[PDB]
Every structure is written in C-alpha cells, then in structure tokens.
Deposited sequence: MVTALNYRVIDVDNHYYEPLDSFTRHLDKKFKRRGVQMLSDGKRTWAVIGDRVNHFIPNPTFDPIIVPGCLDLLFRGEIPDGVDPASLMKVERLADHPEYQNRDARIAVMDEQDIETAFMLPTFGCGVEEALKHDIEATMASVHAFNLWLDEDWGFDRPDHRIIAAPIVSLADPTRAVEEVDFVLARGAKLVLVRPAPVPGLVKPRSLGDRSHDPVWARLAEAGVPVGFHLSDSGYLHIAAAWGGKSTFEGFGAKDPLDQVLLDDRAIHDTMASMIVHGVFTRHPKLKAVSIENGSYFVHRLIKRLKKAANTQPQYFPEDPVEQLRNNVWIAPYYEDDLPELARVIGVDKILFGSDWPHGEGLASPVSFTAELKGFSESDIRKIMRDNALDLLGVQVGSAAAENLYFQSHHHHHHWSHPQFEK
C-alpha cells in the first residue's frame, strides 16, 4: 500500500436519464436528447434518431468494474468464451455511481484524494448532434448544469474534479460556455477528440476561430482534456464496407487521439497558446510514437509551418494517461516521466477493479517517480506554478 493518497485522472459516473434534459431549453426538447420507451427498454433518441452509443441508457443492470480488464489485456485464458467474462450487478447496489456522497466514501476506501469525474453517456452525444449546431450547444450547456448540480465542477472539499464539456461547434457560444464553467470553478474541461462540427463544414481543432476559447483556458490555467468518445471514426470501417465485425476496431483503434493531437499541434494551437495544457484520457499512449515520427517529417518538409519544434510542444504541453499494458519505461523515455498520469477508469468494466493496483505496472520506476505518476503529475497538470 502507498504512503500517500492518489489522484486518479480517469473516473466515471453513470448519468441519470435526465442528464441532457433536466436543464434543457424546451426549444430543443426534440432536437436534443429524449429517452423513449418501447415498454421494456429505454432508448436514447437524439435529434429524432435512435442512438446506440450506450447499449442501455438506464445503466441497470450495470457491468462489474474490471471484469473486462484481463480481456482487454489479452490475459484471457485459453478456450474461454469472452461473453462469459461480462458480469453485471444491480445499479441500486452501487449508489456511488450516481451519488456524490456515496462516491466520496468509496474514494476513502480506495485511497483516492481527488478523482477526475468524467461522463459515460455524454461522450456519445456530440457525434449524434453534429448536424445540429444549436442543439449541440444547448445540450452541452444543459449537461454542464446537470453536472454541476449532481457532482459539482469542484466543490470546496476538493475531492472531485467534474469536467464539463465544451463544444467548439459555435465558437462564440463556446466562449460563453467556457466563461460560465470557469466562473463555476471548473478546473478541467473536456473537448471531444474529433473534428469540430460546423454550420458550413467541419473544422480543425486548430482553426483560428477557436483561438478565443483556447486563450480563455490558457489564461485561466485550466487544461483541455480529450477523453475517448464517439469521434465519428466508424466512417473508416464504413469506407471498407462495414455481432461485432472484428475489422472495425482494427481500423479504428487509437486514430482519433492521434489525429486530434495532430490537429492541435500542426495547426499551431500550442504555438499561439503556449501556456495551454492538454491531457489525453483513456486513449492509450501508443499513439505518441507514430505522432512523433509524422510530426518530425512534416516539420522537415514544410519548415515554414513549424516556427517551433512540434515534438517539444507535445512533450511540454501534453500529459498522457496510458493504458495499463503500455510500455511505461519506454513512454517515460519518450515524453518524460512527468507527463505520465495514473488513471484507473473506475468503475468501467474495461477499467481497473482496484484503482491503486495501477502500481503493479510501475515496478520499473523509483519510489519518487511512482509518486509523480500516482499523484504529483496530476497536480502539476491542474496547477500553474508562480515561477512559470
């Protein structure tokens, strides 16, 4: 057991059915999220289209944390049926998934001082609304109001950093959203790792029209977080002719986070906003080495576009929560041990059952480097030092 509490940068709640409706402008009652029932099952119907990002939006019954961990690692014994790995429980047996007081008490048992609390259902909504910019902005605001109500962006006990969503789909309205969440004390905001929807056409994350948003975050010392989402990448499997076809995930994997970080870096977001901090959550860290190779090639062939070294921008401005099976010594060699974050993804089935068991993956590190990975790097990410 560690001698200090940890800071877990990847935790989830399970949204109640009204997370996107409780505070939604009635103008968007059909344009946004609706929960409709066939009598047995509830379906999320988003802009009049049934959405399938979450198989059961009631979240009951609910997967056992970590039951898919050995699977996602490949550690699964021979002849064993993967369907047999999934175990579920009654949602009411786990109030800590939806209730802040219950969650804090579980955090105490888990030895977590501060958890970043991130959406589950909410990570699929923006792709569903990508053709309705006004419904996107209203729905993100409704969600953020719900989030601050049930979880709180950062209540005075400083146990939970609940990250609201910022959509850049309407960049003027986005500056209003950022001002609103910053005024309510947000310490981390999530932007989807995907092309930004547009009225006319989609935009790069580094579009100059987004500069006012990045400037607000950078001046506030609040990082942008990029968490695994529906980023619309099934379009690749679609181009290839695409109950799970095994090809789809091979074609998808970690391409969204790679392309997101490329968009940010190549289009000069960190050049224009050198104080801006970013963090990748639940996207793995395998993307880094290909991204570094490709950035080096781009900077060499078009040096005029790279007044600064894009690899150093990656190393300076970006923190990464790796997957448990990633080569962590190698990652530290590449991005620096100070940029590696512990995140458990609790209570998801693909996450760790016991968050602090992440330390089993750190036997290659000194006691003081483990303290950085398990606690202090996250505090560095959130903070801005007076000396910087």
{"item": "Chain regions without C-alpha coordinates, deposited sequence numbering", "value": "1-3, 246-253, 400-423"}
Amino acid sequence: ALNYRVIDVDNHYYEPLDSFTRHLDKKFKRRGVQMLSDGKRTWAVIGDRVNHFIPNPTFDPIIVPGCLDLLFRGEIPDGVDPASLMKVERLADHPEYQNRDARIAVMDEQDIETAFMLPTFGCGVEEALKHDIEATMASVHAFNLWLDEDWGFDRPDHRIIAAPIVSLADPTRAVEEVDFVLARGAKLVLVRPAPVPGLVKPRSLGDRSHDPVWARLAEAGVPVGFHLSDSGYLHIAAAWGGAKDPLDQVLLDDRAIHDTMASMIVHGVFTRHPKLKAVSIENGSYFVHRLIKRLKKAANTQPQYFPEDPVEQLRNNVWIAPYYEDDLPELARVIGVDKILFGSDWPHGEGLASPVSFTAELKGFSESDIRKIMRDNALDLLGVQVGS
From here on, numbers count along this sequence of modelled residues.
{"item": "Given 360-368 and 14-22, the range whose Cα B-factors average higher in the PDB entry", "value": "360-368"}
{"item": "Greater mean Cα temperature factor according to the PDB record, 34-42 or 350-358", "value": "34-42"}
{"item": "Candidate set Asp69, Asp60, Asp345, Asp338 [ranked by C-alpha B-factor, highest]", "value": "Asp69"}
{"item": "Among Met261, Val224, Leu199, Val181 - the residue whose C-alpha B-factor is largest in the record", "value": "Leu199"}
{"item": "Ranked C-alpha temperature factor of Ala115 among modelled chain residues, by third", "value": "highest"}
{"item": "Modelled-residue ranking by C-alpha temperature factor, third containing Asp254", "value": "middle"}
{"item": "Modelled-residue ranking by C-alpha temperature factor, third containing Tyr305", "value": "highest"}
{"item": "Lowest, middle or highest third - CA B-factor, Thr271", "value": "middle"}
{"item": "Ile320, C-alpha B-factor rank within chain (lowest, middle or highest third)", "value": "lowest"}
